[PDB]
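I have placed the structure first, in the form of structure tokens, so that the comments after it can refer back to it.
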Amino acid sequence: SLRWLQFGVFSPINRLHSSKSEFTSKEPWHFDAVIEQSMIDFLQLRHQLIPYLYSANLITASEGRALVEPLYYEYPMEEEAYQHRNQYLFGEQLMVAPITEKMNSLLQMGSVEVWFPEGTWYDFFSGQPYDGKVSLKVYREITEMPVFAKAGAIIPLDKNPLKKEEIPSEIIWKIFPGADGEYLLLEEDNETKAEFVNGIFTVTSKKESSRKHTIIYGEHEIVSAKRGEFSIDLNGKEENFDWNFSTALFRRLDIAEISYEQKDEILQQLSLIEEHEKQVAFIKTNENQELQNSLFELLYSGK
Amino acid sequence: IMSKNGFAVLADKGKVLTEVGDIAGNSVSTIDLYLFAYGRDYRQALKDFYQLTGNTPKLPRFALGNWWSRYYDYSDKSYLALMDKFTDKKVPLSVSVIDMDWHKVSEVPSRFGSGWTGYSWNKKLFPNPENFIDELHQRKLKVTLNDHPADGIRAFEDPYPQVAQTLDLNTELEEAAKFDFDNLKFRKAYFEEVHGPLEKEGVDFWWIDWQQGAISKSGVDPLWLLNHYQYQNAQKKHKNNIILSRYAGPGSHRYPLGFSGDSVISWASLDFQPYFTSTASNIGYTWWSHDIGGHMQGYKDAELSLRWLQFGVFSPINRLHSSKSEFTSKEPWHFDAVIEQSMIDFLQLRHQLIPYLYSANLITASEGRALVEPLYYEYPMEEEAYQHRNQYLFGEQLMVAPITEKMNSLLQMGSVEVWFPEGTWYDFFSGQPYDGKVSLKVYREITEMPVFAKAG
Amino acid sequence: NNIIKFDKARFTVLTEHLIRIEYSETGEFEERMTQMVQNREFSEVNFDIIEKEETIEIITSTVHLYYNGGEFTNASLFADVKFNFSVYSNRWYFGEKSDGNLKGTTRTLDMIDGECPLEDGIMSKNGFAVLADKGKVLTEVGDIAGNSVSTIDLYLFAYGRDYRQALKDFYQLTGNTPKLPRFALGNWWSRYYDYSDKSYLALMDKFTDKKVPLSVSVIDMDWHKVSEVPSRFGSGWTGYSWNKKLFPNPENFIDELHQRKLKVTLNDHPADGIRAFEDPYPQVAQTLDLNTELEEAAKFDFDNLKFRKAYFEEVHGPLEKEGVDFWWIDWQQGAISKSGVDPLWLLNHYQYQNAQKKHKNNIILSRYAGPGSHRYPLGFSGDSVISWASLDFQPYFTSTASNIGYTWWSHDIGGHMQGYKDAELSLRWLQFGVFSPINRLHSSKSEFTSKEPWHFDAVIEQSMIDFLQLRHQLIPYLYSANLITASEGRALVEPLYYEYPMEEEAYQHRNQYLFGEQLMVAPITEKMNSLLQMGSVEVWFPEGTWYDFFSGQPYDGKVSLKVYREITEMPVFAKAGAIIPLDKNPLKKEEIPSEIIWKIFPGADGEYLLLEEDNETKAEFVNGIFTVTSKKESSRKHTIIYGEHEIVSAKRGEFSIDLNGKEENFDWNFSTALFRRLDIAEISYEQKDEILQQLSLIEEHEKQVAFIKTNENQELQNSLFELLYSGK
């Protein structure tokens, strides 16, 4: 149910359905605490994503651009774009590869094979970086989902999903550092242009409005509840996210159902060895292969 | 001293003791034996054993709460922060155990060897030990420290000069690590100038960690002498004080408490532990203190931790223990929400059960009735009372059958085989009724435990 | 000086890490030599004594001894050891078994298929060990003098993790190993078969035709009369009479064997004794005792002086006059001691003492007889089964043998008895044997157990021939290592922790060892993977650059790696800067080679010292300059190999040369190796083309590793990862 709903949040229409049975309730409080909290968070995220979905709707009605697109619409001349069926593009800024297989009980994490085209990609939620053209097996807990944005992406989000407003009163702009960025938020009777050129972020409006703007650069808040169309310089700020190799490695080793001595040995050796090639060589000797793949993903992110 | 056949033989292999409590050498008798022929009256046999070898002394009330112990390099402010976090999460605690890192370890001079032995406060981590102990007592916690007497009193110790004036001054340039617990003067110096200032600082009782292979010097096991004299000395600090030490054969039940440790973190250890604890009553050792969480080695399983703690709450002593590893924390907030809430609920239940445990303690000290008893103590003439090892009686009102096997993923419920004697029994938590003599497989979720009380 | 009396015990400080402890109840202490100990004249060190009324205390720079008087017990006598590394328990108790010992050898070979229970040695990870002198008193001439006066005698070794110094001091205490002759370092041939003289000569000529060099010919017990013994006498295993039906002219046969430049040995079975039907029996009858009326004189009692003289002068005498070089003593008995002394020890001692007149620095074949047997080489094992488990166990046994001073083991190459047939097992076993102390091919009485190279198919036969030639190519290196071992006491085959004692990985690889002082060997002891057509082995590489001795594949610093080789290849590695001397003409039989090839691995400075019988050649490689100098005048020619390219061929005299402008790289490249590895794999063709194309197209190393991580077959993953790591 949790995985299905995670897929549904990043689908065209999110419609929870239950039948005539007391065993088929889809209410979040029908499950345990962890599942319920994850469901509530994703249901809130769906309403956070409404302005993006409406802008994609207007684009589809005007020019005829599908909200959900296969990989080979943007990369038609590459073979890997035809070998990943469940990977797609959600709008024009995000790439989604949902996890549709049961979790590995040893690792307590599900997995999915993801193809990354040329460029730098970041996880939409944690900020984990990914390099250019490569096929990689990525692992996520049941409360996490693989969604990626390339460097330079600009995402608008509603700041108050719980409040029911015909138009949001404040919008958060999420910027992924690394390149120039472009976005055009279309509304019923307005058009907001967001530019990110040479480290300068500019927001302009076609009509007068009382909307406030909050800026997120990586993970750090830049300006909160700024009023009116404006410009700002982000060259001196911190481009990096909050993701680092050590904390992620400790978290992955902490939830694995393996022997303690193995966990301490892996942590100590991966902290001690400096060269990346020798780190990969060290993890290549491990007898458990899914743990090998998870550690390889962590090492590739932190190269 | 218990047998299904009806008789057993206890061999008095020990050494002669004086009227004050001192060793008097080998016995004149070549061999001495005690034949117990009580049949299947095990309670009377235990009472007469306690009459022969001495009743178990009373335990203090604070010993019946939750103990916290972690082998970590704690600082005073960090320790206080951890205790405040425990208070914030609604987790009651009774005893704070500070491991060997309370003293100097890595700053011992190169000449001296293993810095495991120590009697000097680490001022870098504990700038004001008196204030730290005062804060701990302000939070109403009893404090104990780990002690490693194996090496001895070296010259770098802060209290070393005083002992030097008592036992023997160094001839030209030497030291006085003469750990020979047979001499009266050495014992006096160790109990007055070594432990004395620390107990004045506010230390309540002492954790004696003697991990040695019985290096007897006068034909007597040093651990027995340590236990005897340390328990005799602990009585001046508090009324009915206790120690932490190890088992030393029959007659050790007079000096509580004795811990086991050294268990691996696995489902097999959890399967074995209830049987070991209940069977310990057959020799008069009724105050075992197991390592709650496991000790070393093993694999990770949150369900294993939850089940282990559920067993520990209904055990003689509840002492959560963690080792020097960031992956072996036993804190409730180290797990997910469901496991954490279940752990918090059971830790609260342990302190809810304290008056019952103290009444059982007083009964045990007075008449000699074990808190944890095997099924065949109350139903000696029935075969099923000998076919359920992990089922026991907790006090005189409750029957406990802990679940020590992994949950069935299809049902999301663990199971255990329980024998119900004649009468009506109710689940202590849900009130589910059970009829008379019957063997039944019962199923509980990981957040539930099988505990039963009979009607009335 | 270094003698301390206390109570009924005596303590001697032989050195700062070795302490002798003696306890005698009567009151007299042993002073003469024993079976094990041959010398106690060490230097003088600094130590302190603390004396009480009833206790004594001994202070040494690394050990601290406590004795409480009376009998020795863990409560009375014990000690502490102070070392830089730490340990859970650093206190030694008398009589209490201690853990951490690195084990030694075994008196009897007793493994069923694989591992056998070993005995303790003088090396420990904790840092101390105790050697008990349980032997019997020896006189100043070499005769048993009965039981020792001392009740118990012990030697405490407290060298910590300095194993080389401990071995050197053990050799000082018990005597250095004598030198071995050059011919013992070649290939030995042995088959238990009913050979005729003409058939044996034909077999030797066949070996010569197939280009296989040999050094020693071993003739088993069928050389004497077996089935012609009269009914009265029992087992015909004992024999000293030539079988004239098979050997009409033994003198001419030995002359032909020496004409082919082979050393000849014969099997001897002294257990029964000298019976009356022997050809030399009358002579012995005149020496020991004439038969009273009608009897015989099979009085095999090796304690009597007169019997030993007669057996060494009249039994072995004529045979050694015919031309027999050394003797193979096959005493398969369960220690039937008559005077409390093991007869095998006396046989070894007196036979080795006797063999020195025939040749300078002669040897024998016999069995191990406890500590102190290293003075009488050689000792063979045999009795191993022909299985993969025995091959798995053998390198560890051979390398661990150095912990007790026994460094000249001679295993049965091919297995001995029972077992199953596998040509790959034979090839792997021989590959291990070529890089072992002694290479001795052995076959039993069965037409199915022949070890001849032509008994197999073409590939196996060619590989065996190549490795047999390489063994004779390696002879100068082995002889130099022999001279070093006899001089300073350095084992030819050493465990990894002799050179890297501070590193944990040096204790986690049992079958990896150091062969001499320049090469590191990790033999493959498991069956090939049929999918990859390659066997594999886990190898630990210490800090620095290493190259494969045969292909030149490079390997980086400290790393654990699974390496893959075909059945015709072996993992042998040399670090950068190594210098290896090789014989240029292994097929030619020369007492000293006329030309030597020097193989140099580029990357660092290098140094080698080739020791010969009457010469010393020094090879320096400093700052790209290679210099060869000689102690004495010689006509030897020198050839230089830098990487794989020849530098100078048949250069004469001591010289110097500059190699800065040459090509440091070898012939190994990633593309050809990858193509070869993919060409022999039994996988789909499309997979091979995809792997080759993608690995040729992707430039970054990280993305190449990421590409190979997605492959579903994991052994192919490991092979490709080894190739990618080499070519980084």
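Ordering of the structure tokens sets the chain letters (A, B, ...), residue numbers begin anew at 1 in every chain, and ligands are numbered from 1 in the order given.
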Practice prompt. Select all residues from chain A having any atom no more than 12 Å from an atom of chain C (counting only C-alpha atoms, ignoring ligands), output as an NGL selection string.
Written response: :A and (113-116 or 130-138 or 269 or 273-290 or 292-297 or 299-303)
Discussion item. Residues of chain B within 9 Å of chain C, counting only C-alpha atoms, what are they? List them as number ranges by chain.
Written reply: B: 113-114, 215-217
Written selection (N, CA and C atoms) as a short mmCIF file (atom, residue, chain, number, x, y, z; two decimals), in the first residue's frame:
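Contents of result_9.cif, freshly written:
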data_model
loop_
_atom_site.label_atom_id
_atom_site.label_comp_id
_atom_site.auth_asym_id
_atom_site.auth_seq_id
_atom_site.Cartn_x
_atom_site.Cartn_y
_atom_site.Cartn_z
N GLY B 113 51.42 -1.01 33.04
CA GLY B 113 50.83 -1.80 31.98
C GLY B 113 49.38 -1.47 31.69
N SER B 114 48.50 -2.46 31.81
CA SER B 114 47.09 -2.28 31.51
C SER B 114 46.45 -1.26 32.44
N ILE B 215 43.00 -17.60 39.98
CA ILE B 215 44.42 -17.68 40.35
C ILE B 215 44.47 -17.69 41.88
N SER B 216 44.34 -18.88 42.44
CA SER B 216 44.33 -19.04 43.89
C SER B 216 45.75 -19.10 44.44
N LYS B 217 46.01 -18.29 45.47
CA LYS B 217 47.32 -18.21 46.09
C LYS B 217 47.43 -19.05 47.36
#
Worksheet item: For chain B, which residues have at least one atom within 8 Å of chain A, if we go by only C-alpha atoms? Write them as an MDAnalysis selection string, please.
Response: chainID B and resid 297:301 325 327:328 336:338
Discussion item. When you look at residue 197 of chain A with a cut-off of 12 Å (counting only C-alpha atoms), what residues show up, excluding the ones that are within fewer than 3 positions of it in the same chain? I need them as a PyMOL selection string.
Written reply: chain A and resi 152-154+175+177-183+194+200-203+231-235
Worksheet item: How would you write, as a PyMOL selection string, the set of residues in segment 583-659 of chain C that DSSP gives as strand (DSSP E or B)?
Response: chain C and resi 583+595-600+606-611+616-622+625-630+637-642+645-646+651-652+655-658
At a cut-off of 7 Å, using only C-alpha atoms, what residues contact residue 275 of chain C? Leave out same-chain residues fewer than 5 positions from it and give the result as a short mmCIF file (atom, residue, chain, number, x, y, z; two decimals) with N, CA and C atoms, in the first residue's frame.
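Listing of out36.cif after writing:
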data_model
loop_
_atom_site.label_atom_id
_atom_site.label_comp_id
_atom_site.auth_asym_id
_atom_site.auth_seq_id
_atom_site.Cartn_x
_atom_site.Cartn_y
_atom_site.Cartn_z
N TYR C 281 76.76 -61.09 3.66
CA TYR C 281 76.55 -61.67 4.99
C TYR C 281 77.79 -62.33 5.58
N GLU C 296 71.91 -67.32 11.86
CA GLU C 296 72.09 -66.10 11.09
C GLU C 296 72.37 -64.93 12.03
N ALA C 297 72.56 -63.75 11.45
CA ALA C 297 73.03 -62.58 12.21
C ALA C 297 72.25 -61.32 11.84
N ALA C 298 70.92 -61.40 11.81
CA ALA C 298 70.09 -60.22 11.57
C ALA C 298 69.86 -59.45 12.87
#
Worksheet item: What lies within 9 Å of segment 430-433 of chain B using only C-alpha atoms, ignoring chain neighbours under 5 positions off, as a PyMOL selection string?
Response: chain B and resi 424-425+452
Fill in: Surrounding residues of residue 359 of chain C excluding itself and chain neighbours under 4 positions, 12 Å, only C-alpha atoms, as a VMD selection string
chain C and resid 180 to 183 263 320 323 to 326 352 to 355 363 to 364
Keeping only N, CA and C atoms, take the residues you just selected and write them out as a short mmCIF file (atom, residue, chain, number, x, y, z; two decimals), in the first residue's frame.
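Full text of part-v7.cif as output:
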data_model
loop_
_atom_site.label_atom_id
_atom_site.label_comp_id
_atom_site.auth_asym_id
_atom_site.auth_seq_id
_atom_site.Cartn_x
_atom_site.Cartn_y
_atom_site.Cartn_z
N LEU C 180 73.16 -27.78 1.75
CA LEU C 180 72.72 -28.84 0.87
C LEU C 180 73.50 -28.80 -0.44
N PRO C 181 73.72 -29.94 -1.07
CA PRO C 181 74.41 -29.94 -2.37
C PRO C 181 73.51 -29.40 -3.47
N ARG C 182 74.15 -28.97 -4.56
CA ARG C 182 73.42 -28.34 -5.65
C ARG C 182 72.45 -29.31 -6.31
N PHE C 183 72.87 -30.56 -6.51
CA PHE C 183 72.02 -31.53 -7.21
C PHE C 183 70.71 -31.79 -6.47
N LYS C 263 72.58 -38.30 -10.03
CA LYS C 263 72.97 -38.83 -8.73
C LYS C 263 72.00 -39.94 -8.35
N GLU C 320 78.37 -48.41 -1.97
CA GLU C 320 78.90 -47.07 -2.22
C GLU C 320 80.15 -47.12 -3.09
N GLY C 323 79.05 -46.97 -6.62
CA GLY C 323 78.78 -45.62 -7.06
C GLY C 323 77.52 -44.99 -6.50
N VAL C 324 76.91 -45.61 -5.50
CA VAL C 324 75.72 -45.05 -4.88
C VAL C 324 76.12 -43.81 -4.08
N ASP C 325 75.40 -42.71 -4.30
CA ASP C 325 75.78 -41.44 -3.69
C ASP C 325 75.24 -41.30 -2.27
N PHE C 326 73.92 -41.38 -2.10
CA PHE C 326 73.30 -41.26 -0.79
C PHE C 326 72.20 -42.30 -0.65
N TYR C 352 73.76 -39.62 8.71
CA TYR C 352 74.20 -38.34 8.19
C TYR C 352 75.67 -38.10 8.50
N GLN C 353 76.13 -38.53 9.68
CA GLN C 353 77.56 -38.42 9.99
C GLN C 353 78.39 -39.27 9.03
N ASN C 354 77.89 -40.45 8.67
CA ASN C 354 78.61 -41.34 7.76
C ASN C 354 78.60 -40.85 6.32
N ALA C 355 77.51 -40.23 5.87
CA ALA C 355 77.39 -39.87 4.46
C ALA C 355 78.36 -38.78 4.04
N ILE C 363 73.60 -35.59 1.81
CA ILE C 363 72.28 -35.59 2.40
C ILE C 363 71.78 -37.02 2.52
N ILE C 364 70.64 -37.17 3.20
CA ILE C 364 69.93 -38.43 3.31
C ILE C 364 68.44 -38.16 3.13
#
Discussion item. Taking only segment 66-292 of chain C into account, list the residues labelled helix (DSSP H, G or I) by DSSP (computed from the backbone), as number ranges by chain.
Written reply: C: 163-174, 182-185, 197-209, 221-223, 250-259, 281-287
Fill in: Nearby residues (only C-alpha atoms) at most 7 Å from segment 61-70 of chain B, same-chain spacing under 6 positions excluded, as a ChimeraX atom specification
/B:93-99,317-323,350-351,354,357-358
Using N, CA and C atoms, can you write the selected residues to a file as a PDB file, in the first residue's frame?
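And here's selection.pdb as it stands now:
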ATOM      1  N   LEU B  93      14.263   5.420  35.685  1.00  0.00           N
ATOM      2  CA  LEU B  93      15.504   4.708  35.953  1.00  0.00           C
ATOM      3  C   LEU B  93      15.796   4.771  37.444  1.00  0.00           C
ATOM      4  N   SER B  94      16.513   3.769  37.936  1.00  0.00           N
ATOM      5  CA  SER B  94      16.852   3.698  39.352  1.00  0.00           C
ATOM      6  C   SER B  94      18.345   3.732  39.623  1.00  0.00           C
ATOM      7  N   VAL B  95      19.159   3.118  38.768  1.00  0.00           N
ATOM      8  CA  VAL B  95      20.589   2.983  39.004  1.00  0.00           C
ATOM      9  C   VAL B  95      21.334   3.446  37.762  1.00  0.00           C
ATOM     10  N   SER B  96      22.368   4.259  37.961  1.00  0.00           N
ATOM     11  CA  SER B  96      23.271   4.678  36.897  1.00  0.00           C
ATOM     12  C   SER B  96      24.592   3.946  37.075  1.00  0.00           C
ATOM     13  N   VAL B  97      25.007   3.212  36.048  1.00  0.00           N
ATOM     14  CA  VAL B  97      26.236   2.432  36.075  1.00  0.00           C
ATOM     15  C   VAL B  97      27.248   3.100  35.157  1.00  0.00           C
ATOM     16  N   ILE B  98      28.388   3.491  35.721  1.00  0.00           N
ATOM     17  CA  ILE B  98      29.466   4.131  34.976  1.00  0.00           C
ATOM     18  C   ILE B  98      30.603   3.130  34.841  1.00  0.00           C
ATOM     19  N   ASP B  99      30.996   2.848  33.603  1.00  0.00           N
ATOM     20  CA  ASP B  99      31.958   1.790  33.325  1.00  0.00           C
ATOM     21  C   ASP B  99      33.379   2.289  33.591  1.00  0.00           C
ATOM     22  N   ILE B 317      16.240  -9.091  37.939  1.00  0.00           N
ATOM     23  CA  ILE B 317      16.893  -7.791  37.834  1.00  0.00           C
ATOM     24  C   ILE B 317      16.840  -7.337  36.382  1.00  0.00           C
ATOM     25  N   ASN B 318      16.437  -6.086  36.165  1.00  0.00           N
ATOM     26  CA  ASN B 318      16.339  -5.494  34.831  1.00  0.00           C
ATOM     27  C   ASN B 318      17.479  -4.491  34.665  1.00  0.00           C
ATOM     28  N   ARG B 319      18.495  -4.877  33.895  1.00  0.00           N
ATOM     29  CA  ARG B 319      19.699  -4.069  33.703  1.00  0.00           C
ATOM     30  C   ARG B 319      20.036  -4.011  32.216  1.00  0.00           C
ATOM     31  N   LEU B 320      19.700  -2.897  31.570  1.00  0.00           N
ATOM     32  CA  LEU B 320      20.035  -2.708  30.166  1.00  0.00           C
ATOM     33  C   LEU B 320      21.521  -2.405  30.024  1.00  0.00           C
ATOM     34  N   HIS B 321      22.179  -3.108  29.103  1.00  0.00           N
ATOM     35  CA  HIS B 321      23.618  -3.010  28.916  1.00  0.00           C
ATOM     36  C   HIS B 321      23.953  -2.813  27.445  1.00  0.00           C
ATOM     37  N   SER B 322      24.898  -1.912  27.186  1.00  0.00           N
ATOM     38  CA  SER B 322      25.408  -1.645  25.849  1.00  0.00           C
ATOM     39  C   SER B 322      26.929  -1.609  25.892  1.00  0.00           C
ATOM     40  N   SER B 323      27.549  -1.911  24.755  1.00  0.00           N
ATOM     41  CA  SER B 323      28.997  -2.014  24.670  1.00  0.00           C
ATOM     42  C   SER B 323      29.569  -0.819  23.908  1.00  0.00           C
ATOM     43  N   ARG B 350       7.857  -1.984  34.440  1.00  0.00           N
ATOM     44  CA  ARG B 350       8.825  -2.496  35.407  1.00  0.00           C
ATOM     45  C   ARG B 350       8.795  -1.690  36.702  1.00  0.00           C
ATOM     46  N   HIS B 351       8.725  -0.362  36.599  1.00  0.00           N
ATOM     47  CA  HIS B 351       8.621   0.466  37.796  1.00  0.00           C
ATOM     48  C   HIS B 351       7.236   0.411  38.422  1.00  0.00           C
ATOM     49  N   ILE B 354       7.191  -2.480  41.079  1.00  0.00           N
ATOM     50  CA  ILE B 354       8.195  -2.459  42.147  1.00  0.00           C
ATOM     51  C   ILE B 354       7.644  -2.893  43.503  1.00  0.00           C
ATOM     52  N   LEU B 357       7.518  -6.635  43.636  1.00  0.00           N
ATOM     53  CA  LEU B 357       8.860  -7.203  43.701  1.00  0.00           C
ATOM     54  C   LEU B 357       9.459  -7.054  45.092  1.00  0.00           C
ATOM     55  N   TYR B 358       9.225  -5.916  45.746  1.00  0.00           N
ATOM     56  CA  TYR B 358       9.772  -5.710  47.084  1.00  0.00           C
ATOM     57  C   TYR B 358       9.103  -6.623  48.104  1.00  0.00           C
TER      58      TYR B 358
END
Fill in: Nearest to residue 189 of chain C, chosen from C:377, C:157, C:450, C:94, with only C-alpha atoms counted in the distances
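That would be C:450, the residue with the smallest distance to residue 189 of chain C.
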Discussion item. For a test of reading the model, state the distance in Å between atom CA of residue 264 of chain C and atom CA of residue 186 of chain C, rounded to one decimal.
Written reply: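 So the two atoms, atom CA of residue 264 of chain C and atom CA of residue 186 of chain C, lie 13.3 Å apart.
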Item to complete: Check the smallest atom-to-atom distance from each of B:85, B:444, B:178, B:290 to residue 152 of chain B using only C-alpha atoms, then report the winner.
Response: B:178
Worksheet item: A:73, A:21, A:268, A:228: which is nearest residue 210 of chain A, counting only C-alpha atoms?
Response: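 Closest candidate: A:228.
Between atom CA of residue 213 of chain C and atom CA of residue 645 of chain C the separation is 26.6 Å.
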